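Reading through the structure tokens given below for one structure.
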Amino acid sequence: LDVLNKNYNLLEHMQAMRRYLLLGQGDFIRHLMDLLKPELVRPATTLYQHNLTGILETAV
Amino acid sequence: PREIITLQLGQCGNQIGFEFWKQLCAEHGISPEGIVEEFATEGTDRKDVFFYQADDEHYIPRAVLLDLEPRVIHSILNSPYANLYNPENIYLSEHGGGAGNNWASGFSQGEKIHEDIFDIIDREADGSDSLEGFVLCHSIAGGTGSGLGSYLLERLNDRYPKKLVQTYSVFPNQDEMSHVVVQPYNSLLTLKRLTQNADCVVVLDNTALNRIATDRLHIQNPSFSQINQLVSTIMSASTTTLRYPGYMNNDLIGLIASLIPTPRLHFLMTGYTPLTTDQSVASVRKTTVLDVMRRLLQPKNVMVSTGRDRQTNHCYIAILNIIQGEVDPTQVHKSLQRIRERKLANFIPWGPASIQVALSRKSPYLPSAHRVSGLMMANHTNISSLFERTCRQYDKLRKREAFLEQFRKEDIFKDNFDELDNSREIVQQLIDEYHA
Amino acid sequence: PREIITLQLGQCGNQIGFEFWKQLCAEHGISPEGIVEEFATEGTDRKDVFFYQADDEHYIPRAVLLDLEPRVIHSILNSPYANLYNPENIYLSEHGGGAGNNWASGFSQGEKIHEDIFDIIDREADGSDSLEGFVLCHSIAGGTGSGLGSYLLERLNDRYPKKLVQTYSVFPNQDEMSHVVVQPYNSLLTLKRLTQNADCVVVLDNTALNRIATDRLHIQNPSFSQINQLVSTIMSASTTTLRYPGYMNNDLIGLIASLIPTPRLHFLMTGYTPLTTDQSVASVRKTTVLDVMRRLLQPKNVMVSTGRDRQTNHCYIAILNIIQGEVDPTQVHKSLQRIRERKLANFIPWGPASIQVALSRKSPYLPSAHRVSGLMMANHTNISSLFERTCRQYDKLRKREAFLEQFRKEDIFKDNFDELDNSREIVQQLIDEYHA
Amino acid sequence: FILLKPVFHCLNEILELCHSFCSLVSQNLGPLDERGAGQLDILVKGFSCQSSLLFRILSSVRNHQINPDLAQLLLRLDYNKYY
């Protein structure tokens, strides 16, 4: 349990996944879901993924 | 993102917002001229929601302060918290105003400085491409905050139509009528603009301030230096879901949406218990959350002068109970368990009610991470007693021939007095009709 | 190799090029009269691209400066940076000119000094056997830079046909029309030569200068000593791929080729954010590249007076975003990732668009190797608002009988006024037609 | 190297087809000649022989079990192409 704390932060990732998949802190997801709605109102195309990667990066 | 522009205005609205920004630096772990502590980012996870976003880690306040009286701003620059304020966002040095004491003064001064009043306050609007709204941190007492504040409730309704409007307005004092006598006139003129030209208000009574200021605070001569202590804490308490990282109703359009039943019914009762510093020596023994919300619905912490025997025919519709800091959340559902057994809130017989409880972690500070805090945002239909108090003091003054010849010389040609009287009775009749 | 001859001309064009050469010595690590630092070759890998190549490690500027007014050159020789300039390349001591204030003065003086004006400026042309081109560092304001500058745009088009022409021309000020009144006449006569007798321009508005000069610079009385500070940095910023060692678009015919859609559509919008010295104390904490290009497309750093509500029916076609110095290039593709999600640039519906980003290492200097710099070279089709502003001020003046009898006595026999009006409307119609 | 046979043959076919756009323009007053438009008509086919062959790799980039560094680069020019 000490080698993860020095190098990998294993159970810190247990808390970090709760903020995105369990949606613990809402400001990460609300500033997401505000910008994220003008893309979700249209049907998805093959041009969908490329602006979804940096609508994340302007949200984080 | 969620940037709100505060509109501090008037003789009393500038002083209650001065220590509101001064409260925010002590909890963010920041200094008004520098950054000496590292507690601002590890302890607090969000800071750019009321401040302007940083250029040198200097969180500029998104604030504007206009007043006709230069006395309120000359007691600011000698304080060491004024260097955080900017001398180019609002005014430079030696700013002035009118003479001046009239509701018709600031109502007529809005369209002669119309070019300058819509120039520098709009520069902060396009800083963020998703503006939250506007809060008018103004006053009802006097003619300074009530005269000019009624103008911006009209022209910002159509120029910025998709923005939230909601104000923390303070009510004036009705003890004697010697120093001021124009109090029934300028109050009802702004109160009409607070219902149809404004969505929500947060009422703050003055006669209920000295009820609390002699309750536990133990003063003999009531001064104006105590009016900023009860007000600045509950202002920062109302944004604990918004400033500190919360999940549900973490926006200002989140909290107000879950409490307003209908337009022109938005007057929210406020409550806040912990104001005593010698409680600190006995909170070390795990003082729980099971006893802090039993006294919120009990009419002891209220800031609204209302009748004590008028609560049996009135019914609560929406009640907010905000706990902060250390909550011990394994018993917060246990505190809400005990609500249905007492029925301390009368429930509306036509529809459901709601007791909403929420939590957020407080500042990394020793008086904040130790003592439980309870903020109440009630909505009870006994608020017409204040509207019956203001209207009975309004029609009695017009039969005494008071300020009918001294008030209609400037910019008033027709009788707009019953235009305020019927619309106030429309509020008072639809409140009692709302529980069928 | 890639030698460019700058054509500094006029009352304003000589002063903006004087500190342009003065900026180049502070970043090359050289002195105008000697070489005291060894940072010129180990830090900077290329120096002979704007300077003349060395004979004694004295990098002579490849510059010529002609003006009718002797006042601009008499404020040069007392400065210690004039010994780098040569008194035989342009003029010796006591050079003069006209009287003189007219567009027809310098237009008629070009063919009476025709032998001398094409003698000493051609001696620098055959120094390198592969000449890059000519940049006319001239002015539009006044009759000095606009009168003589229109002549060299014609006779250098055929005598040197295979050379790049592109100018950094400054636009005049349109606030009041009391000191000068000949401003609509001399501007449109040069603006016709800037589209058909010239390939590209770089517009620099004067009414947008004092928008920035009071934004963050905090001045009370606007003087002419601030006009050289915003201009000389972006001139040296535009040649960072050309002076400092870059790879792609490292020539002046590299940058301009990737932005011009078509001839007579070449007016490029410029933007440059970092101009404040107290930002330096907070750039020590790894200020990234992810936040510096979010504000370039946001209309805050622009130097073009354009409409704010006219950007919805106009579309960007080419946008340049130049980062300099410390870039941290592992996140420069991360900055371009966030561009498609906002769509802050409206894209043309007929063809593709392009957001080009490039980098080059800056000077080995402490204010240069620490703070991020962003240079913008936009191309947006809302530039007809300036052309609608100049044309509406042009036809209104001809109906007031202004300068129709006072202007046609010398060397003007026919009405060439509608020759400028239709060709300006040809530009304004083909811009809106360009997005089908 | 992006792919062994097709993309390297697609890429050298790009640089050959715009190399005859050099030698077509390089005549005296190119676009007014009959040979200027006659040599052009083969090239307006071969240029869309290259964008459509670039279009054929993008379907192999979306339907993806091949290579991530291939896919991240070729789409980076492709939203820089189709946007």
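To match Swiss-Prot, the residue numbers of chain C are left as they are there, and the shown ones run 2-437.
Determined by electron microscopy, 17.0 Å, according to the entry header.
From the backbone N, Cα and C atoms, a Cβ is placed for every residue, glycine too.
The feature GTP binding site is assigned by Swiss-Prot to C:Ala142, C:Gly143, C:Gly144, C:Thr145, C:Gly146, C:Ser147, C:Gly148, with sequence analysis given as support. The Cβ of C:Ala142 (GTP binding site) lies under 8 Å from the Cβ of C:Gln12, C:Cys13, C:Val171, C:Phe172, C:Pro173, C:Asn174, C:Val181, C:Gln184, C:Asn207, each on the same chain and at least six residues away in sequence.
Apart from C:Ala142, C:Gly143, C:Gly144, C:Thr145, C:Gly146, C:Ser147, C:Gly148, the GTP site neighbourhood in this chain, defined by C-beta within 8 angstroms of the site C-beta centre, holds C:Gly11, C:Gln12, C:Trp104, C:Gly107, C:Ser140, C:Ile141, C:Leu149, C:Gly150, C:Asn187. The highest number of surrounding Cβ atoms within 10 Å, among the binding-site residues C:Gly143, C:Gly144, C:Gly146, C:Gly148, is found at C:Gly146. In sequence order, the binding-site residues from C:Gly143, C:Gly144, C:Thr145, C:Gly148 that place a Cβ under 8 angstroms from a chain D Cβ amount to none. In sequence order, C:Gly11, C:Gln12, C:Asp68, C:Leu69, C:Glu70, C:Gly101, C:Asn102, C:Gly107 constitute the residues six or more apart from C:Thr145 (GTP binding site) in its chain with CB-CB distances below 8 Å. Shown in sequence order, C:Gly11, C:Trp104, C:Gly107, C:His139, C:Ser140, C:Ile141, C:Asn187, C:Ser188, C:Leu190, C:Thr191 are the residues of the chain, 6+ apart in sequence, with a C-beta less than 8 angstroms from the C-beta of C:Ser147 (GTP binding site).
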